[PDB]
Amino acid sequence: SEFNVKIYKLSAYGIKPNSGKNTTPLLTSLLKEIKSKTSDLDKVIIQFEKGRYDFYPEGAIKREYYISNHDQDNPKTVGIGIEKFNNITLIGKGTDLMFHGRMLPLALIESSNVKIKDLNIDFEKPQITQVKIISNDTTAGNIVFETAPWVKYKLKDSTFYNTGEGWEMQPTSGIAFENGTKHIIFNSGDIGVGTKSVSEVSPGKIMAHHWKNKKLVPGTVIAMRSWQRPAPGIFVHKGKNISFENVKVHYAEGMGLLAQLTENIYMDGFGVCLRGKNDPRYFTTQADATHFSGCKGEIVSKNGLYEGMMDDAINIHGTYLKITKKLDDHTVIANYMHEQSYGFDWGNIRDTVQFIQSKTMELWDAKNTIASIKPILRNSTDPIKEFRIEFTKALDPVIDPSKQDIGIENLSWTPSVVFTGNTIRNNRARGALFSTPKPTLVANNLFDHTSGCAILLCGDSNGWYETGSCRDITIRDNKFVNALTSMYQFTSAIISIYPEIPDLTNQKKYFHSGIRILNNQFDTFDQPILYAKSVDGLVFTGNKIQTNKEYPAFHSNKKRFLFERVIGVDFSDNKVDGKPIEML
Ligand SMILES: OC[C@H]1O[C@H](O)[C@H](O)[C@@H](O)[C@H]1O
């Protein structure tokens, strides 16, 4: 073409801000055309203006997607489908993409060199229900709660439903928040909610007749929810060189950003957050803010704001298949085991694999290489639950599924990580999960009142089936303020290194190695700073621990440092309230 970049200002093509019309069928039809014309090396930009674009289900594409760490409800109702479309940039100018009903806002499928920039994603009617405690009669167990202004509910058979366009969902749990600070209420975590046995006092004032909780003082704001997570805000599958710059996801029925089987991801200014100090909402995403399942290359996530999520800010991990059958010396059948991670590819020819003894979480040193890999399917349409993997090298007969439980990590689909200069706060569960053997830098982050623990290095081939023996990770120059006001799975200390190990007494081999924790600041009211299970090599140096009394100490673990099957400890130049603490 006669142009280096072909720029499509959307308003020039019949797609205007603040029209209040359904943008879905228009942008869909338009992209389809721009695609059919642009050859491959051709570069494209799609440009939104200031103001608001609404997207509804009607006229949306219906894609069958399998999404890591999410409910496998199909089809998905997809707002914007970037599919097999390269060198494309979606850009806005303080733009507000507003979605309605149950939708997957943005899907990036099998696309390279995609950039998303200066653009916000939100739903008008979040499936999460915000309410405010009006009166709590602790004796009778009567709570009156006020629905927030934007909430449309129905009562049917004394049951509280939350509604939006084409959906109706009864909340079963919640997260309580301090009024004002927007912290999560001390020792709350997941709590039951009084959505059964209800009746209407007056519009937007609901009486719960059998709700007993002394913690829900007048003023407390509660995010009532279910466990459903069918679609993330931005889904990315099989991307190469993907970019997000100044992109905020304010809410989605699932994770903010879920990227899988993607090589190289760059994020500057990514937020999953509120619209500022004046946002009436206390909550953001129904699940994790950002999530990276089975990625590779380099992941940069910097200068982000994550707040009020119903889960972690970042989670970086792979998937252990479980071997169900050994056909011969070279060939096994292996299966996806969790309900929320199946239906997508796991590896390719030439991938490096290693095997794990699930019961004691011990690696075999003998690595292998995939020679062949084919999903096993009765009908073509069926989803990928089960593979037949062939290795180049023969397997030592000790690797037989009828002898013990054996898992497979794909060491090729593992990304390197830079997670710097972010702010995480006021969110459910942990702050950040890292599970990658590749080099990882976690630096100059602020963990301001995470509900659970700040950082979690896990690994589990029994429950979650999420890989991550760590080998190389520096957690430096971070600030951790009053982490762990509430318990969740694995929250044993501000930094918890907690692999899921069924049989620890019999473990000979250390699961994690090469962990350096240098020059951090821990502002805490409690005791537990570091918990470490099954580590060979653990540096803890130059760290400052400052005590405060913003809350009562309470954690069962009353030890600053708690090690279990840990060798290789280097511990120097640490302080507590400006006084040294040495091992010797
Ligand atoms: O501990 C693993 C767990 O971490 C978070 O809670 C995610 O929401 C889950 O999908 C899973 O990744």
# chains A, B, ... in the order shown; residues from 1 in each chain; ligands from 1
>>> select_by_dssp(residues="range 291-535 of chain A", states="strand (DSSP E or B)", output="ChimeraX atom specification")
/A:291-293,296-302,305-307,314-319,321-326,331-335,352-357,362-363,368-375,386-391,406-410,416-420,423-425,432-434,440-443,446-448,455-457,460,466-467,473-476,479-481,495-497,500,512-518,521-524,530-535
>>> residues_around(residues="residue 470 in chain A", least_positions_apart="2", cutoff="9 Å", atoms="only C-alpha atoms", output="list in words")
residues 434, 435, 436, 437, 438, 439, 457, 458, 459, 468, 472, 473, 511, 512, 513, 514 and 515 of chain A
>>> write_last_selection(atoms="N, CA and C atoms", output="CSV table (one decimal), in the first residue's frame")
chain,number,residue,atom,x,y,z
A,434,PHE,N,4.0,-17.0,41.6
A,434,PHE,CA,5.0,-17.3,40.6
A,434,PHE,C,5.4,-18.7,40.7
A,435,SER,N,5.4,-19.4,39.5
A,435,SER,CA,5.7,-20.8,39.4
A,435,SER,C,6.4,-21.1,38.1
A,436,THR,N,7.6,-20.4,37.9
A,436,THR,CA,8.3,-20.6,36.7
A,436,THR,C,9.8,-20.9,37.0
A,437,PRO,N,10.4,-22.0,36.4
A,437,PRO,CA,11.8,-22.3,36.5
A,437,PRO,C,12.7,-21.2,35.9
A,438,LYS,N,12.1,-20.4,35.0
A,438,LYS,CA,12.9,-19.3,34.3
A,438,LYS,C,13.2,-18.2,35.2
A,439,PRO,N,14.1,-17.3,34.9
A,439,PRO,CA,14.5,-16.2,35.7
A,439,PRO,C,13.3,-15.2,35.9
A,457,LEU,N,4.8,-18.9,46.1
A,457,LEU,CA,5.4,-19.9,45.2
A,457,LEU,C,4.9,-21.3,45.6
A,458,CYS,N,4.1,-21.9,44.7
A,458,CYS,CA,3.3,-23.1,45.1
A,458,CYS,C,3.9,-24.2,44.2
A,459,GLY,N,3.0,-24.8,43.4
A,459,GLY,CA,3.4,-26.1,42.7
A,459,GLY,C,2.6,-27.2,43.4
A,468,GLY,N,5.2,-25.4,38.7
A,468,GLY,CA,6.1,-24.4,39.0
A,468,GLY,C,7.1,-24.7,40.1
A,472,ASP,N,15.0,-19.8,40.0
A,472,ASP,CA,15.7,-18.5,39.8
A,472,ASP,C,14.7,-17.4,39.9
A,473,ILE,N,14.7,-16.7,41.1
A,473,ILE,CA,13.7,-15.7,41.4
A,473,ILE,C,14.3,-14.7,42.4
A,511,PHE,N,12.1,-29.2,46.1
A,511,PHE,CA,11.2,-28.9,45.0
A,511,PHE,C,11.6,-27.6,44.4
A,512,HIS,N,11.8,-26.5,45.2
A,512,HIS,CA,12.2,-25.2,44.8
A,512,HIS,C,13.7,-25.0,45.1
A,513,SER,N,14.3,-24.1,44.3
A,513,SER,CA,15.7,-23.7,44.5
A,513,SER,C,15.9,-22.3,43.9
A,514,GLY,N,17.0,-21.7,44.4
A,514,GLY,CA,17.5,-20.4,43.9
A,514,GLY,C,16.5,-19.3,44.2
A,515,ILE,N,16.1,-19.1,45.4
A,515,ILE,CA,15.2,-18.1,45.8
A,515,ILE,C,16.0,-17.0,46.6
>>> closest_atom_pairs(of="chain A", to="ligand 1", cutoff="8 Å", atoms="only C-alpha atoms and all ligand atoms", output="tab-separated table")
residue	atom	partner	partner_atom_place_in_ligand_line	distance
A:68	CA	ligand 1	10 (O)	7.9
A:69	CA	ligand 1	10 (O)	4.4
A:70	CA	ligand 1	10 (O)	6.9
A:287	CA	ligand 1	8 (O)	5.8
A:288	CA	ligand 1	8 (O)	5.6
A:311	CA	ligand 1	8 (O)	5.9
A:312	CA	ligand 1	5 (C)	6.5
A:315	CA	ligand 1	12 (O)	6.7
A:317	CA	ligand 1	12 (O)	7.9
A:340	CA	ligand 1	10 (O)	7.4
A:429	CA	ligand 1	6 (O)	6.9
A:430	CA	ligand 1	6 (O)	8.0
A:433	CA	ligand 1	4 (O)	7.5
A:458	CA	ligand 1	1 (O)	7.2
A:464	CA	ligand 1	2 (C)	5.9
A:466	CA	ligand 1	2 (C)	6.9
A:489	CA	ligand 1	1 (O)	7.5
>>> closest_residue(among="A:319, A:163, A:284, A:172", to="residue 260 in chain A", atoms="only C-alpha atoms")
A:319
>>> residues_around(residues="range 355-371 of chain A", least_positions_apart="6", cutoff="8 Å", atoms="only C-alpha atoms", output="PDB file with C-alpha atoms, in the first residue's frame")
ATOM      1  CA  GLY A 347       2.920 -29.156  23.945  1.00  0.00           C
ATOM      2  CA  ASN A 348       4.567 -29.559  20.541  1.00  0.00           C
ATOM      3  CA  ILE A 349       7.312 -31.706  19.018  1.00  0.00           C
ATOM      4  CA  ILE A 389       2.641 -38.373  23.996  1.00  0.00           C
ATOM      5  CA  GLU A 390       5.717 -40.057  22.442  1.00  0.00           C
ATOM      6  CA  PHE A 391       9.184 -39.280  23.814  1.00  0.00           C
ATOM      7  CA  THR A 392      12.462 -39.506  21.859  1.00  0.00           C
ATOM      8  CA  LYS A 393      14.301 -41.212  24.760  1.00  0.00           C
ATOM      9  CA  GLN A 404       2.809 -44.513  41.611  1.00  0.00           C
ATOM     10  CA  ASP A 405       1.143 -41.235  40.621  1.00  0.00           C
ATOM     11  CA  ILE A 406       3.264 -39.519  37.948  1.00  0.00           C
ATOM     12  CA  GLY A 407       2.958 -36.025  36.445  1.00  0.00           C
ATOM     13  CA  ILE A 408       4.552 -34.233  33.458  1.00  0.00           C
ATOM     14  CA  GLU A 409       5.761 -30.599  33.414  1.00  0.00           C
ATOM     15  CA  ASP A 460       0.789 -28.886  43.017  1.00  0.00           C
ATOM     16  CA  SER A 461       0.351 -32.147  41.042  1.00  0.00           C
ATOM     17  CA  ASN A 462      -2.617 -33.486  43.039  1.00  0.00           C
ATOM     18  CA  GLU A 500       1.436 -28.961  47.769  1.00  0.00           C
ATOM     19  CA  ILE A 501       3.260 -32.047  49.057  1.00  0.00           C
ATOM     20  CA  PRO A 502       1.073 -35.002  50.263  1.00  0.00           C
ATOM     21  CA  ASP A 503       4.002 -36.940  51.761  1.00  0.00           C
ATOM     22  CA  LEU A 504       6.701 -34.557  53.040  1.00  0.00           C
ATOM     23  CA  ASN A 506       9.548 -39.231  52.775  1.00  0.00           C
ATOM     24  CA  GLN A 507      10.737 -36.461  50.426  1.00  0.00           C
ATOM     25  CA  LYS A 508      14.478 -36.556  49.645  1.00  0.00           C
ATOM     26  CA  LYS A 509      14.639 -33.977  46.832  1.00  0.00           C
ATOM     27  CA  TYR A 510      13.958 -30.259  47.262  1.00  0.00           C
ATOM     28  CA  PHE A 511      11.194 -28.888  45.019  1.00  0.00           C
TER      29      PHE A 511
END
>>> residues_around(residues="residue 285 in chain A", least_positions_apart="5", cutoff="12 Å", atoms="only C-alpha atoms", output="JSON, numbers by chain")
{"A": [121, 122, 123, 126, 127, 128, 223, 225, 228, 229, 231, 232, 233, 234, 248, 249, 250, 251, 252, 253, 254, 255, 256, 257, 258, 271, 272, 273, 274, 290, 306, 307, 308, 309, 310, 311, 312, 313, 427, 428]}
>>> residues_around(residues="range 5-20 of chain A", least_positions_apart="2", cutoff="8 Å", atoms="only C-alpha atoms", output="number ranges by chain")
A: 3, 22-23, 26-27, 42-54
>>> write_last_selection(atoms="N, CA and C atoms", output="PDB file, in the first residue's frame")
ATOM      1  N   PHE A   3       0.573   3.485   2.132  1.00  0.00           N
ATOM      2  CA  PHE A   3       0.606   3.862   3.539  1.00  0.00           C
ATOM      3  C   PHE A   3       1.496   2.895   4.315  1.00  0.00           C
ATOM      4  N   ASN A  22     -25.810  -0.397  19.920  1.00  0.00           N
ATOM      5  CA  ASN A  22     -25.081  -1.650  20.005  1.00  0.00           C
ATOM      6  C   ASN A  22     -23.898  -1.588  19.039  1.00  0.00           C
ATOM      7  N   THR A  23     -22.676  -1.521  19.587  1.00  0.00           N
ATOM      8  CA  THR A  23     -21.470  -1.361  18.785  1.00  0.00           C
ATOM      9  C   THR A  23     -20.994  -2.721  18.273  1.00  0.00           C
ATOM     10  N   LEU A  26     -21.545  -3.830  14.422  1.00  0.00           N
ATOM     11  CA  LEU A  26     -20.886  -2.857  13.558  1.00  0.00           C
ATOM     12  C   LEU A  26     -19.377  -3.101  13.520  1.00  0.00           C
ATOM     13  N   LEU A  27     -18.746  -3.134  14.700  1.00  0.00           N
ATOM     14  CA  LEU A  27     -17.307  -3.324  14.784  1.00  0.00           C
ATOM     15  C   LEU A  27     -16.940  -4.715  14.273  1.00  0.00           C
ATOM     16  N   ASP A  42       0.987  -6.027   5.949  1.00  0.00           N
ATOM     17  CA  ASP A  42       0.184  -4.828   6.137  1.00  0.00           C
ATOM     18  C   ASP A  42      -0.074  -4.577   7.620  1.00  0.00           C
ATOM     19  N   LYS A  43       0.049  -3.305   8.026  1.00  0.00           N
ATOM     20  CA  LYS A  43      -0.183  -2.874   9.396  1.00  0.00           C
ATOM     21  C   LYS A  43      -1.490  -2.083   9.480  1.00  0.00           C
ATOM     22  N   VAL A  44      -2.208  -2.293  10.592  1.00  0.00           N
ATOM     23  CA  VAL A  44      -3.542  -1.758  10.813  1.00  0.00           C
ATOM     24  C   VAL A  44      -3.576  -1.066  12.171  1.00  0.00           C
ATOM     25  N   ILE A  45      -4.388  -0.006  12.271  1.00  0.00           N
ATOM     26  CA  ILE A  45      -4.767   0.569  13.553  1.00  0.00           C
ATOM     27  C   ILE A  45      -6.275   0.803  13.520  1.00  0.00           C
ATOM     28  N   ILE A  46      -6.953   0.448  14.626  1.00  0.00           N
ATOM     29  CA  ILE A  46      -8.365   0.721  14.841  1.00  0.00           C
ATOM     30  C   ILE A  46      -8.468   1.724  15.988  1.00  0.00           C
ATOM     31  N   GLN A  47      -9.086   2.894  15.741  1.00  0.00           N
ATOM     32  CA  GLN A  47      -8.992   4.012  16.671  1.00  0.00           C
ATOM     33  C   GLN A  47     -10.366   4.476  17.160  1.00  0.00           C
ATOM     34  N   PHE A  48     -10.580   4.323  18.480  1.00  0.00           N
ATOM     35  CA  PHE A  48     -11.748   4.823  19.194  1.00  0.00           C
ATOM     36  C   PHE A  48     -11.494   6.253  19.684  1.00  0.00           C
ATOM     37  N   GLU A  49     -12.576   7.010  19.946  1.00  0.00           N
ATOM     38  CA  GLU A  49     -12.500   8.387  20.432  1.00  0.00           C
ATOM     39  C   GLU A  49     -12.889   8.449  21.909  1.00  0.00           C
ATOM     40  N   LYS A  50     -12.778   9.656  22.496  1.00  0.00           N
ATOM     41  CA  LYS A  50     -13.277   9.944  23.833  1.00  0.00           C
ATOM     42  C   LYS A  50     -14.766   9.641  23.918  1.00  0.00           C
ATOM     43  N   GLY A  51     -15.154   9.042  25.047  1.00  0.00           N
ATOM     44  CA  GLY A  51     -16.542   8.719  25.322  1.00  0.00           C
ATOM     45  C   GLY A  51     -16.749   7.211  25.382  1.00  0.00           C
ATOM     46  N   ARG A  52     -18.015   6.810  25.265  1.00  0.00           N
ATOM     47  CA  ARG A  52     -18.460   5.495  25.678  1.00  0.00           C
ATOM     48  C   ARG A  52     -19.045   4.727  24.497  1.00  0.00           C
ATOM     49  N   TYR A  53     -18.573   3.488  24.322  1.00  0.00           N
ATOM     50  CA  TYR A  53     -19.142   2.548  23.368  1.00  0.00           C
ATOM     51  C   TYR A  53     -19.770   1.397  24.159  1.00  0.00           C
ATOM     52  N   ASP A  54     -21.049   1.107  23.904  1.00  0.00           N
ATOM     53  CA  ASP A  54     -21.731  -0.007  24.550  1.00  0.00           C
ATOM     54  C   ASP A  54     -21.724  -1.206  23.603  1.00  0.00           C
TER      55      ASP A  54
END
>>> residues_around(residues="residue 216 in chain A", least_positions_apart="4", cutoff="10 Å", atoms="only C-alpha atoms", output="list in words")
residues 132, 133, 134, 135, 136, 138, 143, 176, 177, 178, 185, 188, 212, 220, 221 and 222 of chain A
>>> write_last_selection(atoms="N, CA and C atoms", output="compact mmCIF listing (two decimals), in the first residue's frame")
# COMPACT_ATOMS: atom_id res chain seq x y z
N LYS A 132 -24.50 -2.83 51.21
CA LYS A 132 -23.97 -2.10 52.34
C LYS A 132 -24.81 -2.44 53.56
N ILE A 133 -24.14 -2.82 54.65
CA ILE A 133 -24.82 -3.17 55.88
C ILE A 133 -25.48 -1.92 56.45
N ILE A 134 -26.79 -2.03 56.72
CA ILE A 134 -27.59 -0.94 57.25
C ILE A 134 -27.78 -1.17 58.74
N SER A 135 -28.31 -2.34 59.09
CA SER A 135 -28.46 -2.73 60.48
C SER A 135 -28.10 -4.21 60.64
N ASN A 136 -27.37 -4.50 61.72
CA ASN A 136 -27.01 -5.86 62.08
C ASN A 136 -27.41 -6.09 63.54
N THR A 138 -27.24 -8.69 66.11
CA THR A 138 -26.39 -9.86 66.25
C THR A 138 -27.15 -10.97 66.99
N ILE A 143 -29.95 -9.02 59.50
CA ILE A 143 -29.15 -8.03 58.81
C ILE A 143 -30.02 -7.39 57.73
N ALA A 176 -16.18 -8.97 52.45
CA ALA A 176 -16.55 -7.77 53.17
C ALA A 176 -15.39 -6.77 53.15
N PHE A 177 -15.72 -5.48 53.05
CA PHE A 177 -14.72 -4.42 52.98
C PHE A 177 -14.99 -3.36 54.04
N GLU A 178 -13.92 -2.89 54.68
CA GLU A 178 -13.97 -1.71 55.52
C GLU A 178 -14.58 -0.56 54.74
N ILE A 185 -12.12 -6.79 55.50
CA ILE A 185 -12.37 -6.89 56.93
C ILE A 185 -11.49 -7.99 57.53
N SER A 188 -11.83 -12.03 57.73
CA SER A 188 -13.08 -12.34 57.06
C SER A 188 -12.84 -13.49 56.08
N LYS A 212 -25.93 -14.42 60.70
CA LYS A 212 -25.27 -14.10 61.96
C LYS A 212 -23.79 -13.88 61.69
N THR A 220 -20.21 -1.60 56.61
CA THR A 220 -19.44 -2.60 55.89
C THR A 220 -20.07 -2.80 54.51
N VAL A 221 -19.20 -2.88 53.50
CA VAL A 221 -19.61 -3.07 52.12
C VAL A 221 -19.27 -4.49 51.74
N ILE A 222 -20.20 -5.18 51.08
CA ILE A 222 -20.04 -6.59 50.82
C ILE A 222 -20.20 -6.85 49.33
>>> closest_residue(among="A:21, A:544, A:302, A:471", to="residue 268 in chain A", atoms="only C-alpha atoms")
A:302
>>> residues_around(residues="range 80-82 of chain A", least_positions_apart="3", cutoff="6 Å", atoms="only C-alpha atoms", output="list in words")
residues 106, 107 and 108 of chain A
>>> write_last_selection(atoms="C-alpha atoms", output="PDB file, in the first residue's frame")
ATOM      1  CA  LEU A 106     -11.858  -8.972  23.906  1.00  0.00           C
ATOM      2  CA  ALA A 107     -10.380 -12.190  22.473  1.00  0.00           C
ATOM      3  CA  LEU A 108      -6.937 -12.381  20.825  1.00  0.00           C
TER       4      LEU A 108
END
>>> closest_residue(among="A:87, A:162, A:179, A:548", to="residue 204 in chain A", atoms="only C-alpha atoms")
A:162
>>> closest_residue(among="A:77, A:553, A:523, A:322", to="residue 577 in chain A", atoms="only C-alpha atoms")
A:523
>>> closest_residue(among="A:569, A:454, A:116, A:495", to="residue 95 in chain A", atoms="only C-alpha atoms")
A:116
>>> closest_residue(among="A:157, A:118, A:96, A:328", to="residue 55 in chain A", atoms="only C-alpha atoms")
A:96
>>> decode(residues="range 288-313 of chain A", atoms="N, CA and C atoms", output="PDB file, in the first residue's frame")
ATOM      1  N   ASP A 288      -8.814 -13.582  39.090  1.00  0.00           N
ATOM      2  CA  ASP A 288      -7.483 -12.992  39.042  1.00  0.00           C
ATOM      3  C   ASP A 288      -7.454 -11.795  38.104  1.00  0.00           C
ATOM      4  N   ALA A 289      -6.576 -10.827  38.391  1.00  0.00           N
ATOM      5  CA  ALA A 289      -6.407  -9.678  37.516  1.00  0.00           C
ATOM      6  C   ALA A 289      -5.714 -10.104  36.221  1.00  0.00           C
ATOM      7  N   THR A 290      -4.492 -10.651  36.339  1.00  0.00           N
ATOM      8  CA  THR A 290      -3.716 -11.135  35.204  1.00  0.00           C
ATOM      9  C   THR A 290      -3.286 -12.568  35.498  1.00  0.00           C
ATOM     10  N   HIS A 291      -3.265 -13.403  34.454  1.00  0.00           N
ATOM     11  CA  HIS A 291      -3.022 -14.826  34.602  1.00  0.00           C
ATOM     12  C   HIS A 291      -2.362 -15.354  33.332  1.00  0.00           C
ATOM     13  N   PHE A 292      -1.317 -16.171  33.514  1.00  0.00           N
ATOM     14  CA  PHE A 292      -0.469 -16.635  32.425  1.00  0.00           C
ATOM     15  C   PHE A 292      -0.251 -18.142  32.515  1.00  0.00           C
ATOM     16  N   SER A 293      -1.056 -18.884  31.750  1.00  0.00           N
ATOM     17  CA  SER A 293      -1.053 -20.336  31.791  1.00  0.00           C
ATOM     18  C   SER A 293      -0.275 -20.871  30.590  1.00  0.00           C
ATOM     19  N   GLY A 294       0.928 -21.389  30.839  1.00  0.00           N
ATOM     20  CA  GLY A 294       1.663 -22.114  29.818  1.00  0.00           C
ATOM     21  C   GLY A 294       2.184 -21.184  28.726  1.00  0.00           C
ATOM     22  N   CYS A 295       2.705 -20.031  29.159  1.00  0.00           N
ATOM     23  CA  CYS A 295       3.293 -19.062  28.256  1.00  0.00           C
ATOM     24  C   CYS A 295       4.799 -19.299  28.172  1.00  0.00           C
ATOM     25  N   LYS A 296       5.478 -18.506  27.342  1.00  0.00           N
ATOM     26  CA  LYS A 296       6.920 -18.611  27.218  1.00  0.00           C
ATOM     27  C   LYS A 296       7.470 -17.287  26.710  1.00  0.00           C
ATOM     28  N   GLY A 297       8.758 -17.276  26.385  1.00  0.00           N
ATOM     29  CA  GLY A 297       9.414 -16.030  26.056  1.00  0.00           C
ATOM     30  C   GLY A 297       9.493 -15.153  27.298  1.00  0.00           C
ATOM     31  N   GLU A 298       9.384 -13.845  27.088  1.00  0.00           N
ATOM     32  CA  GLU A 298       9.573 -12.869  28.146  1.00  0.00           C
ATOM     33  C   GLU A 298       8.216 -12.244  28.479  1.00  0.00           C
ATOM     34  N   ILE A 299       7.925 -12.124  29.779  1.00  0.00           N
ATOM     35  CA  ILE A 299       6.753 -11.423  30.265  1.00  0.00           C
ATOM     36  C   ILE A 299       7.209 -10.213  31.074  1.00  0.00           C
ATOM     37  N   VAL A 300       6.855  -9.023  30.582  1.00  0.00           N
ATOM     38  CA  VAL A 300       7.041  -7.789  31.323  1.00  0.00           C
ATOM     39  C   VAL A 300       5.666  -7.321  31.789  1.00  0.00           C
ATOM     40  N   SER A 301       5.510  -7.131  33.109  1.00  0.00           N
ATOM     41  CA  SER A 301       4.316  -6.534  33.695  1.00  0.00           C
ATOM     42  C   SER A 301       4.736  -5.422  34.650  1.00  0.00           C
ATOM     43  N   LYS A 302       4.673  -4.163  34.197  1.00  0.00           N
ATOM     44  CA  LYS A 302       5.197  -3.059  34.989  1.00  0.00           C
ATOM     45  C   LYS A 302       4.213  -1.890  35.071  1.00  0.00           C
ATOM     46  N   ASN A 303       4.419  -1.091  36.129  1.00  0.00           N
ATOM     47  CA  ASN A 303       3.697   0.141  36.387  1.00  0.00           C
ATOM     48  C   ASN A 303       2.192  -0.087  36.280  1.00  0.00           C
ATOM     49  N   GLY A 304       1.700  -1.122  36.967  1.00  0.00           N
ATOM     50  CA  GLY A 304       0.284  -1.446  36.950  1.00  0.00           C
ATOM     51  C   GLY A 304      -0.374  -1.138  38.288  1.00  0.00           C
ATOM     52  N   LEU A 305      -1.703  -1.031  38.271  1.00  0.00           N
ATOM     53  CA  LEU A 305      -2.489  -0.899  39.487  1.00  0.00           C
ATOM     54  C   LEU A 305      -3.538  -2.009  39.514  1.00  0.00           C
ATOM     55  N   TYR A 306      -3.473  -2.857  40.552  1.00  0.00           N
ATOM     56  CA  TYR A 306      -4.447  -3.916  40.753  1.00  0.00           C
ATOM     57  C   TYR A 306      -5.102  -3.751  42.121  1.00  0.00           C
ATOM     58  N   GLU A 307      -6.427  -3.577  42.147  1.00  0.00           N
ATOM     59  CA  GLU A 307      -7.107  -3.372  43.415  1.00  0.00           C
ATOM     60  C   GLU A 307      -8.493  -4.011  43.400  1.00  0.00           C
ATOM     61  N   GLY A 308      -8.862  -4.567  44.556  1.00  0.00           N
ATOM     62  CA  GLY A 308     -10.224  -4.995  44.812  1.00  0.00           C
ATOM     63  C   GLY A 308     -10.624  -6.241  44.030  1.00  0.00           C
ATOM     64  N   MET A 309      -9.658  -6.986  43.483  1.00  0.00           N
ATOM     65  CA  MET A 309     -10.000  -8.167  42.713  1.00  0.00           C
ATOM     66  C   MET A 309     -10.482  -9.245  43.672  1.00  0.00           C
ATOM     67  N   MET A 310     -11.297 -10.161  43.144  1.00  0.00           N
ATOM     68  CA  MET A 310     -11.710 -11.352  43.865  1.00  0.00           C
ATOM     69  C   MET A 310     -10.652 -12.455  43.762  1.00  0.00           C
ATOM     70  N   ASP A 311      -9.381 -12.088  43.549  1.00  0.00           N
ATOM     71  CA  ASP A 311      -8.309 -13.068  43.550  1.00  0.00           C
ATOM     72  C   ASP A 311      -6.957 -12.361  43.476  1.00  0.00           C
ATOM     73  N   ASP A 312      -5.947 -13.059  42.943  1.00  0.00           N
ATOM     74  CA  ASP A 312      -4.586 -12.553  42.920  1.00  0.00           C
ATOM     75  C   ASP A 312      -4.428 -11.536  41.797  1.00  0.00           C
ATOM     76  N   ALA A 313      -3.362 -10.741  41.890  1.00  0.00           N
ATOM     77  CA  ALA A 313      -3.039  -9.772  40.859  1.00  0.00           C
ATOM     78  C   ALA A 313      -2.417 -10.476  39.650  1.00  0.00           C
TER      79      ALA A 313
END
